[PDB]
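Notes follow the structure.
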Amino acid sequence: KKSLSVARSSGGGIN
Amino acid sequence: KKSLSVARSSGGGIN
Amino acid sequence: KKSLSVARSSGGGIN
Amino acid sequence: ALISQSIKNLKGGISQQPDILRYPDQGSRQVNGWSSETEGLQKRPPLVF
Amino acid sequence: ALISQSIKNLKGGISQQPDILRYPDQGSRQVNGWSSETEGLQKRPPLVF
Amino acid sequence: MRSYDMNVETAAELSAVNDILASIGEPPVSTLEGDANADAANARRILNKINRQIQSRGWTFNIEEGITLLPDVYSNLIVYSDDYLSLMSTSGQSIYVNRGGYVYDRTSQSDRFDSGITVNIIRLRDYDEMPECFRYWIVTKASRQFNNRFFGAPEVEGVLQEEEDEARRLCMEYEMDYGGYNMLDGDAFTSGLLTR
Amino acid sequence: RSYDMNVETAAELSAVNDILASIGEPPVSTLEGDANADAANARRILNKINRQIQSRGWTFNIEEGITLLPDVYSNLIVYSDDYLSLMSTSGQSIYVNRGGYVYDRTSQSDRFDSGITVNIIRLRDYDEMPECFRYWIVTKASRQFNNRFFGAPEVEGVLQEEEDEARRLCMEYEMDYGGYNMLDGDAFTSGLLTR
Amino acid sequence: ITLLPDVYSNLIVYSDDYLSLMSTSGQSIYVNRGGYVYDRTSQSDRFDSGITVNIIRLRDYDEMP
Amino acid sequence: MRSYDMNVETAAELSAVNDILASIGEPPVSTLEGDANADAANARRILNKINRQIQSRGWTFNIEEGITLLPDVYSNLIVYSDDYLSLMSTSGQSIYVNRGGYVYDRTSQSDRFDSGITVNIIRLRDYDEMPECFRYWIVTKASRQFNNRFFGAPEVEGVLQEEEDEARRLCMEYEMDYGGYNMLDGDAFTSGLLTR
Amino acid sequence: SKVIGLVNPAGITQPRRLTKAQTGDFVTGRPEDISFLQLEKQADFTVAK
Amino acid sequence: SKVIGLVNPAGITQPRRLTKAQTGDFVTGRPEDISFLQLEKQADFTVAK
Amino acid sequence: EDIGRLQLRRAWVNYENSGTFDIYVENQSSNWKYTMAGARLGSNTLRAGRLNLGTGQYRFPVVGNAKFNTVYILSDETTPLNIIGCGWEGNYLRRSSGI
Amino acid sequence: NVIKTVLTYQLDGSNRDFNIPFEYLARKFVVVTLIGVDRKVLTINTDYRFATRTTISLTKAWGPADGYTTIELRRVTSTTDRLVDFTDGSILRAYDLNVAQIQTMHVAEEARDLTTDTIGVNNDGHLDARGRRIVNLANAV
Amino acid sequence: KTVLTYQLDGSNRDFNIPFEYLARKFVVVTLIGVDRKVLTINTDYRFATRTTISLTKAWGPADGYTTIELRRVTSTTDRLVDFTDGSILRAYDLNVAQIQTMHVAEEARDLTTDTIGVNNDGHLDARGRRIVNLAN
Amino acid sequence: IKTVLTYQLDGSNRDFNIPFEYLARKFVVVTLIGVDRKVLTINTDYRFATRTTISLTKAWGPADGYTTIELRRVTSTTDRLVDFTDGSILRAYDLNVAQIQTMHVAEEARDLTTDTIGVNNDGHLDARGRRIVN
């Protein structure tokens with residue numbers, strides 16, 4: 001059973 | 001023993 | 001599968 | 001492998017976003033329905049002449 | 001090993017940072033594009049004479 | 001290669017596709033006509049692929065022995081169709097190959113024939129014309145290959161592997177029952193040795 | 001669909017679609033334009049696999065007693081890139097490739113007054129292969145496509161099983177086509193059978 | 001079992017519900033060709049009289065033991 | 001060591017590099033000319049390394065027996081080029097080594113020859129000059145080493161390991177078919193023993 | 001006295017190829033795929049004998 | 001009395017090389033790949049005899 | 001994660017009610033062009049005399065190193081495009097741990 | 001060069017089955033004619049049959065005794081009547097596009113294979129009449 | 001039929017076109033005299049209607065050109081329908097695209113038949129011309 | 001403009017121009033014309049030096065027995081470059097190629113005059129020293 005994508009709310013702008 | 005459902009309070013509106 | 005780099009937002013100044 | 005998910009409450013109304021962006025409690029269409037806090041989705045109350 | 005990632009919304013516009021520093025939703029170029037909240041990237045509305 | 005998509009859908013071919021679709025848990029389709037159903041189109045492509053492959057293996061019911069292939073009287077060319085799954089000589093070493101879509105005698109280095117040639121040939125047949133056991137094996141093998149390519153479920157892989165082995169065994173039972181082969185009096189060599 | 005049609009499809013486009021299907025991808029309607037990496041990759045592997053299986057040597061494609069004529073002026077016989085195998089008709093072979101020309105290593109000469117007779121395998125089209133061989137090429141081409149351009153290891157286990165079955169059915173075709181006999185067809189034993 | 005041909009076309013229908021069709025003895029000679037019984041040895045779909053075959057015809061689930 | 005990258009690209013060498021590039025999933029390149037493609041340059045370097053290695057092993061088609069190497073008439077030196085993958089005597093124990101880039105007779109302790117020496121030599125050949133089976137093995141081995149060094153994928157490692165073994169087997173079949181070796185009458189010792 | 005050739009249907013040896021072969025022919029197949037039915041009553045045979 | 005050479009199709013030995021070979025020739029192959037169909041009725045043969 | 005090497009295998013674009021748009025995949029050496037013309041054959045949306053809008057996922061090959069693959073979408077036609085999202089798959093391997 | 005839509009076979013008086021190598025969209029597009037002193041066209045269900053989609057079975061065996069040396073299987077695809085016509089409201093389907101392309105392809109092929117209905121070079125360097133009379137040659141000098 | 005002729009000594013300009021043409025450049029009008037004359041469109045003939053051509057000038061057998069040939073020559077290189085992505089697929093454009101190839105095929109069926117053809121009796125009908133340079 | 005053209009053969013020359021447009025290299029057929037007709041193979045006997053020229057690996061001429069070479073376009077009719085698949089995006093490139101490929105066959109159809117008798121200046125039927133059979 002392959003791993004799922006990590007839930008990334010992430011964001012915007014400069015990082 | 002099959003895995004349990006992740007407790008997701010989740011939310012509403014635009015995502 | 002080698003381990004991934006831990007996501008470190010880290011910081012600045014004196015530690 | 002067998003997987004299963006349950007939507008505890010269908011209280012999210014409808015969403016016009018793509019299905020991959022929607023919350024589990026939001027549907028696509030809801031007409032003449034009432035989103036109760038404790039009784040789930042209901043028919044809207046009848047219109048009494 | 002096979003890996004896969006998806007960018008659910010291309011809503012971040014462009015970024016001028018290096019690709020290693022950019023968010024998944026930011027591209028490199030976006031000309032005449034509209035970043036909708038619920039429809040993703042679109043062509044900008046036509047210019048009506 | 002014969003087109004599988006371009007004729008009327010038969011009941012057996014439609015049943016075969018829905019059997020293949022069921023292998024990954026897809027619901028049956030009412031018709032094989034194009035409805036933008038990628039799964040049904042994929043299933044029919046694998047169905048045709050497996051249909052050609054099992055027929056090309058060679059069986060007593062589908063191996064045609066002593067068939068005469070006739071040439072064109074003005075070109076002396078015998079066409080080697082892509083539907084000729086196998087073309088052999090009736091006895092000994094085979095001498096005919098495919099060269100440019102025509103029969104070629106490799107020993108005489110000629111593709112010109114003044115008269116018909118006698119060959120042991122396998123010609124492509126419709127999935128309808130297959131015996132019931134062979135239809136089941138084609139469907140079972142197509143279902144296994146369909147799941148391997150388009151779903152990949154390992155539990156489905158194991159069961160369909162076992163089903164194909166059972167399906168092939170029952171086709172081998174059909175082959176011997178149909179063949180009725182005897183090593184004493186039905187043998188090419190031993191039958192001559194039995195004369196007193 | 002009306003009418004009792006009888007139409008064919010291109011076997012190379014079918015072969016590429018089988019290679020694409022092996023990794024779960026949708027089929028393509030065409031194989032030209034030079035702008036599709038999947039079409040370019042699958043076609044390159046299919047040609048490479050078709051070339052490689054034909055070079056192994058089979059009764060149907062090993063041409064025996066073939067004469068290669070030299071040039072009338074330079075007396076050179078071109079050693080073609082499409083000569084998958086070039087051997088002598090009997091005994092130890094004496095011809096090698098030297099700069100794109102047939103070279104006799106024993107006599108150390110590129111020059112030939114008359115044509116030489118060799119046992120040659122010349123590359124054929126995928127359409128000219130037997131059906132079982134075409135299946136083996138497609139199965140092998142699909143397997144190397146997954147390893148190079150998909151990489152799923154459970155697909156490798158499936159396609160390894162399919163190639164092994166694909167190869168044995170071609171080995172059955174080889175023996176049926178050859179019709180080989182160790183008593184009278186044998187080069188040596190047939191002489192020993194004379195009374 | 002005897003399968004009678006048509007009086008005019010002399011064709012014996014090869015039913016889709018013929019799960020197995022074989023000769024009574026020896027090597028079988030009948031195949032399905034376009035939904036009709038075909039004699040592969042004689043290369044003919046035409047039969048003057050009925051053929052005798054060892055046949056399995058599909059039965060209902062109710063008729064099974 | 002012969003430069004691999006300083007001549008015109010052949011169709012086969014370009015095809016070989018693209019085959020090696022495919023092994024790790026790199027897309028093909030149109031030309032082998034320097035476009036700052038590090039992967040293609042790495043693939044060509046390994047292609048040359050495997051090309052020298054398999055040729056140096058020694059085969060009936062590339063082992064040149066009885067070759068005369070001529071000396072310079074004024075220096076009496078025979079050059080031992082780096083393209084001599086193997087230099088041996090025609091019979092018995094070998095007596096010639098490499099000393100300073102010139103042929104050296106180790107038994108006579110001299111590098112001066114008044115006439116040509118007869119040697120069993122392997123000289124480096126272009127990958128284009130290799131038999132088709134040997135080209136496939138070179139590419140398969142180069143692809144395996146390329147993946148091991150620059151990608152390292154273990155799943156690709158296992159399949160390419162199997163492919164090299166199959167590729168070497170088919171080169172082994174070519175060697176015997178080309179060789180035509182007989183232990184009765186083609187044997188150095190047994191053939192004399194068969195005279196009655 | 002009855003000769004019955006038992007063909008393993010999980011095998012690969014075809015009696016089609018065996019019966020049509022001439023003596024000395026090379027045919028695809030494995031010796032394990034072909035066996036023969038045999039009376040196994042040797043212990044009972046010796047008791048009766 | 002019938003000689004049938006059973007060639008393993010999963011093997012690597014070719015009767016093409018075997019039949020064309022002269023005596024004493026070196027040929028690619030494995031002895032395990034080539035077998036011969038044999039009658040297995042020794043237990044019944046002894047009973048009948 | 002730039003330490004390891006990611007060999008891209010395939011990417012996809014998610015679209016809804018969109019006309020034609022061209023996907024250009026460029027590496028350091030070659031370039032490829034992929035067209036999402038619109039609806040698919042047999043779709044209720046694909047009709048003659050009507051605007052051709054496609055909805056769904058278009059998978060296209062992006063082959064090679066992820067660090068050297070430029071993917072951009074061009075469109076100069078009068079049809080609309082609505083790119084919902086995208087995604088990619090590839091073979092990733094790093095010879096060292098994240099530590 | 002070599003015609004692929006016109007296949008003609010020798011009539012031996014005992015063989016009734018003949019192969020169809022070429023593609024066709026309708027059985028009406030296949031024309032069966034017996035050649036001999038005259039060229040007699042056969043009827044679809046009373047003179048022959050489509051035993052398989054690649055095989056034509058004659059009801060009766062014809063031969064030189066009947067006056068027919070050869071039998072010809074020729075594709076004649078309709079040019080005025082197209083099998084697929086697209087309408088403004090119709091869903092575009094892969095089958096309709098395939099049939100439309102193939103029909104035009106057959107018509108193009110039959111035009112390129114029209115050396116049968118003229119005097120053209122056969123496989124050898126000879127102009128072939130294909131078993132018909134060169135009528136109206138009249139006087140020669 | 002894709003080729004037709006009209007011989008008209010009297011004053012006449014109009015010639016009905018039997019064949020269907022997709023473009024006006026496909027129809028070529030020539031004068032069959034001692035040597036054939038190919039006529040440009042604007043100077044010599046106007047399309048009074050889609051069906052008929054009004055050839056300017058009498059061009060009668062008083063001049064050597066006598067009869068006039070109406071020949072259809074569909075351009076293979078030029079395609080009247082070129083499908084473009086982002087453009088509405090029209091049933092008309094799908095239909096016409098096949099027709100242009102068919103018209104070329106129709107013209108081919110007459111060019112080969114021109115030098116020698118087959119009559120209604122299934123025989124090669126010569127025009128009364130000797131088979132010269134024939135080898136035995 | 002012609003899909004079939006012939007070049008005279010001399011031992012000096014090896015490159016021959018392709019004037020016509022071909023969709024695939026296999027659609028181009030190279031033949032040696034002399035006392036005997038010989039079809040050449042894609043790589044052993046010639047090659048495509050450019051998109052528009054063919055270079056022979058070996059020079060040919062009257063000594064070999066062939067005085068003329070032929071470059072003919074034979075577009076495949078049975079093997080179509082486009083086959084529309086159900087559930088696939090309908091691309092205008094597919095429609096154009098399908099239209100072009102059938103056009104090439106029809107274009108070659110109107111070049112059959114080369115493989116026919118031909119007509120004289122006198123208006124006779126001129127067999128170029130060829131027998132008439134059947």
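Ordered as shown in the structure tokens, chains take letters A, B, and onward, while each chain numbers its residues from 1 and ligands are numbered from 1 in the order shown.
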
All Cα atoms, paired in order, least squares: that's the fit I need for chain A onto chain B, output as a CSV table (one decimal) with C-alpha atoms, in the first residue's frame.
chain,number,residue,atom,x,y,z
A,1,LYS,CA,-6.4,-5.0,12.2
A,2,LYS,CA,-7.5,-2.4,9.6
A,3,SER,CA,-6.6,1.2,10.2
A,4,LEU,CA,-9.2,3.6,11.5
A,5,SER,CA,-10.6,6.7,9.8
A,6,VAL,CA,-8.5,9.8,10.7
A,7,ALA,CA,-10.6,12.1,12.9
A,8,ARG,CA,-11.2,15.1,10.6
A,9,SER,CA,-13.0,18.1,12.1
A,10,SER,CA,-12.7,19.4,8.5
A,11,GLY,CA,-14.6,22.7,7.8
A,12,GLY,CA,-16.6,24.5,5.2
A,13,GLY,CA,-16.7,27.3,2.7
A,14,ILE,CA,-14.2,27.6,-0.1
A,15,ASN,CA,-11.1,25.4,0.1

Give me, as a Markdown table, each residue of region 18-116 of chain M that comes within 12 Å of region 123-143 of chain F, together with its shortest interatomic pair and the distance in Å at one decimal, counting only C-alpha atoms, with rows ordered by chain and rising residue number.
| residue | atom | partner | partner_atom | distance |
| --- | --- | --- | --- | --- |
| M:19 | CA | F:123 | CA | 11.7 |
| M:52 | CA | F:125 | CA | 9.1 |
| M:53 | CA | F:125 | CA | 9.9 |
| M:54 | CA | F:123 | CA | 10.1 |
| M:55 | CA | F:123 | CA | 11.3 |

Preceding selection exported with C-alpha atoms as a compact mmCIF listing (two decimals), in the first residue's frame:
# COMPACT_ATOMS: atom_id res chain seq x y z
CA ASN M 19 -9.97 -15.66 -50.41
CA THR M 52 -16.41 -15.73 -43.67
CA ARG M 53 -15.61 -12.05 -43.96
CA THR M 54 -12.49 -13.10 -45.89
CA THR M 55 -13.92 -16.08 -47.81

- Item | Contacts of region 24-27 of chain N at 7 Å (only C-alpha atoms; same-chain gap of 5+ positions) as JSON, numbers by chain | {"N": [70, 71, 72, 73, 74, 75]}

With N, CA, C and O atoms retained, could you export that selection as a PDB file, in the first residue's frame?
ATOM      1  N   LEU N  70     -13.848  21.293 -71.073  1.00  0.00           N
ATOM      2  CA  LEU N  70     -14.027  21.646 -69.669  1.00  0.00           C
ATOM      3  C   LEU N  70     -13.478  20.506 -68.820  1.00  0.00           C
ATOM      4  O   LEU N  70     -14.109  19.452 -68.698  1.00  0.00           O
ATOM      5  N   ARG N  71     -12.306  20.721 -68.231  1.00  0.00           N
ATOM      6  CA  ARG N  71     -11.605  19.702 -67.464  1.00  0.00           C
ATOM      7  C   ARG N  71     -11.517  20.115 -66.003  1.00  0.00           C
ATOM      8  O   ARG N  71     -11.230  21.274 -65.691  1.00  0.00           O
ATOM      9  N   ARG N  72     -11.765  19.163 -65.109  1.00  0.00           N
ATOM     10  CA  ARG N  72     -11.637  19.382 -63.675  1.00  0.00           C
ATOM     11  C   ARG N  72     -10.271  18.884 -63.224  1.00  0.00           C
ATOM     12  O   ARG N  72      -9.944  17.708 -63.408  1.00  0.00           O
ATOM     13  N   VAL N  73      -9.474  19.780 -62.647  1.00  0.00           N
ATOM     14  CA  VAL N  73      -8.175  19.403 -62.104  1.00  0.00           C
ATOM     15  C   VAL N  73      -8.102  19.865 -60.657  1.00  0.00           C
ATOM     16  O   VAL N  73      -7.695  20.996 -60.373  1.00  0.00           O
ATOM     17  N   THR N  74      -8.499  18.994 -59.735  1.00  0.00           N
ATOM     18  CA  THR N  74      -8.447  19.325 -58.320  1.00  0.00           C
ATOM     19  C   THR N  74      -7.007  19.292 -57.823  1.00  0.00           C
ATOM     20  O   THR N  74      -6.240  18.376 -58.126  1.00  0.00           O
ATOM     21  N   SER N  75      -6.641  20.310 -57.051  1.00  0.00           N
ATOM     22  CA  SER N  75      -5.286  20.438 -56.537  1.00  0.00           C
ATOM     23  C   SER N  75      -5.086  19.489 -55.363  1.00  0.00           C
ATOM     24  O   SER N  75      -5.814  19.559 -54.369  1.00  0.00           O
TER      25      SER N  75
END

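For residue 133 (chain N), the non-local neighbours within 8 Å, defined as residues at least 4 positions apart in the same chain or in other chains and counting only C-alpha atoms, are residues 126, 127, 128 and 129 of chain O.
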
Residue subset to file, keeping C-alpha atoms, as a compact mmCIF listing (two decimals), in the first residue's frame:
# COMPACT_ATOMS: atom_id res chain seq x y z
CA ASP O 126 3.07 2.88 -78.17
CA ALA O 127 4.40 -0.08 -76.22
CA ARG O 128 7.96 0.86 -75.21
CA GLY O 129 9.31 -2.42 -76.53

- Enumerate as a ChimeraX atom specification the residues belonging to chain D that approach chain B to within 7 Å, with only C-alpha atoms taken into account. /D:5,12,21-23
